[PDB]
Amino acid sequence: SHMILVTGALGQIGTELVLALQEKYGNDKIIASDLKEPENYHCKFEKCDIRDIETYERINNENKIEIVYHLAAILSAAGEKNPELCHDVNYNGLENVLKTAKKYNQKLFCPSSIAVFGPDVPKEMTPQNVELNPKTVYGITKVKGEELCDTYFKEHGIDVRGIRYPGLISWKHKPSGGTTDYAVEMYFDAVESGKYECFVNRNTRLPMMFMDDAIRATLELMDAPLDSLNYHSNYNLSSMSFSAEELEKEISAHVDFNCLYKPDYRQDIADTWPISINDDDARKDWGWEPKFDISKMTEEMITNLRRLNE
């Protein structure tokens, strides 16, 4: 019963989230936005740079937007290579979203990342409330973003919600600017060729989640009654934790492939992140439970990628 805008709509999450929202609420309620207008695209679409407050505001007020799912960002690897761009898009873009929400009395979904954490806090089952001392440019943007969001909630009364997503795995839109991207790439290349060159070492172990779980978590959190929530911008959220070679082994149980490990600069990013996450507060406050383990995710990835390679 509300007009919804999705920023970053053409990216890894947005490709799936826009369709989920159209189905849940109707096509007449969803507006998609990103930098460049796509050909052959069903959802209504408005182009915008998230840093352009004038155009962003216009899209919001001309479409009577009441809820924003804010996915626009620069991710961890692209951001480490261009730190000024990363700050500008992630922090100034978020501030534009928040200022607009305050003007127009909007509800928001503004995600964070497991990149908020650094190596000074536990790597296993990282708690919700530990200090956030990230060692990446992108992680610092996400910490600043959490704090800005929580100011807008407390000071300004804006109902902004967010999740520290783990690495997300999907087949519909292959990622290209992150660090957890190896997991997707490994699926794609295993099925397309039976070989992969992995950009992290074989023991790299990170929190991961299948996209259907991440999308469902997003929608469930957004549907929760506000008074049930003890956290706002920054829920920890968990599903899986595995190493690169463990994923290789799972994939190899379906298709012949062999993986070679050739780390690059993204190792130095991954090394600074936890292995797994304590998401009790999500599970307690709003009933989170993941549904896809590594086996089930692998079946879905491989079946769809095989189809796409026919």
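Numbering starts at 1 and runs along the sequence shown.
Two stretches are in play, 190 to 198 and 141 to 149, and the higher mean C-alpha B-factor belongs to 190 to 198. Higher average CA B factor: 248 to 256, of the stretches 248 to 256 and 30 to 38. Ranking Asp285, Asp49, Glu62, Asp279 by Cα temperature factor from the entry places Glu62 first. Residues shown: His173, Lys99, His87, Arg161. Highest C-alpha temperature factor in the entry: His173.
The deposited CA B-factor of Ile294 belongs to the middle third of values across its chain. In this PDB entry, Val121 carries a Cα temperature factor that places it within the highest third of its chain's modelled residues. Ranked by C-alpha B-factor against the other modelled residues of its chain, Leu19 falls in the highest third. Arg58: CA B factor in the highest third of modelled residues in this chain (values from the PDB entry). Per-chain ranking of the deposited C-alpha B factor places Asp223 in the highest third.
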